[PDB]
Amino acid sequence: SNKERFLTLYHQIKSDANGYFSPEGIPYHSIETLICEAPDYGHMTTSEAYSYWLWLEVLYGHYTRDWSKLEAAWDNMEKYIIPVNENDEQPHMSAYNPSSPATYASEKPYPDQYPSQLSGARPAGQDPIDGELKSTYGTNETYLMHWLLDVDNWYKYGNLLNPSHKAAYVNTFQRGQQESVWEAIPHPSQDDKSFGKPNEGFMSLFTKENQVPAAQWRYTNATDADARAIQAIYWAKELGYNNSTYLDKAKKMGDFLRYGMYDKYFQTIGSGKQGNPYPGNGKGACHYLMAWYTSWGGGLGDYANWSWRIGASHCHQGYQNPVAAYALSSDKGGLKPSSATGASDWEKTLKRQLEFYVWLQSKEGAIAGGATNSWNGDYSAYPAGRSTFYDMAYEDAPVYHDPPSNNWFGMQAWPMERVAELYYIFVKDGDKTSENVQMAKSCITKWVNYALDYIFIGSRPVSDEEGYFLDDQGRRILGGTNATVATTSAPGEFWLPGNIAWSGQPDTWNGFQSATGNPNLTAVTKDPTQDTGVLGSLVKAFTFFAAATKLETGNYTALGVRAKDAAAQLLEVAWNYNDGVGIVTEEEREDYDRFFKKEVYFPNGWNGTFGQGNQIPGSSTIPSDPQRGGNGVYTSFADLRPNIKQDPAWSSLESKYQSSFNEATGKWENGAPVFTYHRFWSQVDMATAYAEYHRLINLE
């Protein structure tokens, strides 16, 4: 019974004996501690994880009719990761100037070139929503999740503005597109300058100004997480939840999530196409997409009565959530905010996001990266011939190049799951005819047919040493439609693609009626693996897709049949990978030499104290690479974080590195480290896949 399967995994996730949650009731990134991927330690948690927790409790609440666990999860979120306090967690937010939201600085192509000068070279444009939010809520305190929490206070900064909370607000990434997770420096969101460099805190690693930096706080959301929370509440409400107390909070979150629709420095959309941006007026700086983040910050202490906000200029397809956008914009969606323009902004976003998906879809069906309003992160002129979407430049790897941000196949499964939900929702709500449903449908239908060529149940694909799939004659499959991957029998196995290698560009967008099929946009799908999180996401994309086809036509379509059977089979084989704690498989991590490599940059002349009490950078360094344009040093991830050497898994990792990694070639000669991880989101993606198959397919 898929219902019983969901219930069993739900209990495994929630059990105090399994360790998914801390003693304060906050879900961790993962049960295991030694892991690094976006958070850099397993007992960090994320806005992402909280968003999945909500989703879990929504489907549990539908089955049990007990909504109290959803409400407790929301309460927990509000207590620990949304910095509003019913002691002020956003001091001086009231002094914000919406006619000068922030002070400009350039992004850089390497971490070595930071700190960046706070020059104000570009005057920031108008913030046109601050006034509405204030009138609507009586405050401009941001009701969004900060993205990262040190749940076990492992970095030892403490929580300045809420000291009795063990979980502390921290941040890592600050230094541009080449600062991988391995290359960042963990620092407190609320910086009283008690750590870092004396008199400066960590601020002077990131920005420079004429003066010593002031004590200050700042937060950054991840727009995909807050939207996924809204998506969860959308379904709560569809499934009968009707406590206005919480419905209203999801609407509030949605209203503030509008900050994600704005250019970083509120520059007019398109205005930097020729390298000469100018400040936005009204909504001129609104791109109506979910960019990578919004940040906010201000002074700490009595002498620092200032605050600021930035949007983001870079938008990734994998972050868009049109289910949230529909929920916040229609009577049928049910979560329209009360602000004057919140719902009508979200309505424009819903359409813009579907146009973005169609624009980005490769010749063979996969979704390419996204677009930016700030080329090179300093409003550089677009390259000659670069394709555009509403005057924003196509990017194959928005925001991060290490690794390229749209290579991970999870970035296909996560957004296409939402688009499949959305197809289902439109058709359920009686819409088969709008331009929006036609876009959603076209994109998900083309994607499903693409994806099925790389999904293997009870068979094992043939791949070569470099991770290319092979056909029956042994040739590499380099994208294209109709991929025919060679296969050997492998009862009980499943395989999914792992990455995409991207080349070319979509054609410039001129609307859905002039779309071209993007014949020069190529996805090469590669690296077969067994990621159970991606599996659970895929299953749902296939489930909702199939269900939609049957609501639309009366029967499962040809492709709907195939998507439904693939879902059923994937659920059936995955069940065998339950270890009693989660549905898991073993993974190799060839990236884990980056625990040891010297690549964490510090500027010359900069010494301070890290949270764990060590002097940083300290003496274990090499000179920075002068080709990267800095003047400083590199330490290692592990020297920066000496407490990682106390982790129970550390000596096995170090021993494996000593015996297998060859520093001169940069290769793992006797195999890479291997781990079996129990990730919270991944387990939720699996549990919800069982549930939704049961609800949409077994019951209807």
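One rule holds for the numbers: they count along the sequence shown, beginning at 1.
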_Going by the PDB record, how many residues of the deposited sequence fall between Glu86 and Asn87 without any coordinates: none, 1 to 3, 4 to 9, or 10 or more?_
1 to 3
*Per the entry, where is the mean C-alpha temperature factor higher: 7-15 or 678-686?*
7-15
*Got a sec? Mean C-alpha B-factor, which is higher, 63-71 or 660-668?*
660-668
*Pick out which of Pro461, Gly298, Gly560, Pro415 has the highest C-alpha B-factor in the PDB entry.*
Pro461
*According to the deposited entry, which of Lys134, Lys432, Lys283, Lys351 has the largest Cα B-factor?*
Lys432
*asked:* Based on the deposited C-alpha B factors for this chain, I'd like to know if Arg122 is in the lowest, middle or highest third.
replied: highest
*Ordered by C-alpha B-factor within the chain, which third holds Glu586? Give me lowest, middle or highest, please.*
highest
_Third of the chain, ranked by Cα B-factor, where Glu57 sits_ = middle
*Assigned third (lowest, middle, highest) for the C-alpha B factor of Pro27*: middle
*Using the B-factor values recorded in the entry, state whether the Cα atom of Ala49 falls in the lowest, middle or highest third among the modelled residues of its chain.*
lowest
